[PDB]
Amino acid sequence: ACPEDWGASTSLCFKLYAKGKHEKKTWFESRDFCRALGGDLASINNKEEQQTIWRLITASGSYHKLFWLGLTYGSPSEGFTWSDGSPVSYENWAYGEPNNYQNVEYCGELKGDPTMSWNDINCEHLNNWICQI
C-alpha cells in the first residue's frame, strides 16, 4: 500500500519526478525534497526494485532521461553509499563506472533506458529524480 500516485499503477513506493530544465534539481536539492515528504531519494536494493522503476519509466513514455538516485560517495573507505542508509550490495553501474571523471563526481544517476544503468556524475548538475516513501 502506497500513498496516492506513488508506486506501481518493502512496499515499493517509488515515484518519478521528471521535470523540464527550469524545475530540475541538484542531488542535494532532490535529497531534501524527498526527505521533506518523509521519504528519501530512491535506493535500488535488488532487481525487483529495478523492475518497478523501469516499468514506471515505460508508462511515462519518456525514455533516455537521467534521474538522481540516492547514490552518494561517503568516506574514501566506504565509497558509494545510499542516502537512506541501506547497504550498497546490488549494483548496476554502467560499463566502467563509477569512474570519478575529472575527480568531481560524487553522486549517482540512473539512465532511464532498458539497461537501467548507474553513472557517477557531478552533484551540482540539475537532473530529474526519483523518490521513495
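Whichever C-alpha set is largest while still superposing within 1.5 Å between the two forms counts as the rigid core. Residue indices: 1-based, along the sequence shown.
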When the other structures are laid on this one by the rigid core, do the CA atoms of 49 to 57 or of 96 to 104 sit farther away in 9 other deposited structures of this protein? 96 to 104
C-alpha RMS from this form in 9 other deposited structures of this protein, rigid core superposed: larger for 62 to 70 or 86 to 94? 86 to 94
Per the record, the count of deposited residues between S9 and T10 that have no coordinates is 1 to 3
Quick one: say whether 29 to 37 or 45 to 53 has the higher mean Cα B-factor in the deposited entry. 45 to 53
Looking at the C-alpha B-factor of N99, is it in the lowest, middle or highest third of its chain? middle
What third of its chain's C-alpha B-factors does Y106 belong to: lowest, middle or highest? lowest
Please say which third, lowest, middle or highest, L16 falls into when its CA temperature factor is compared across its chain. lowest
Assigned third (lowest, middle, highest) for the C-alpha B factor of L71: lowest
Within-chain third of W82 by Cα B-factor, per the entry: lowest
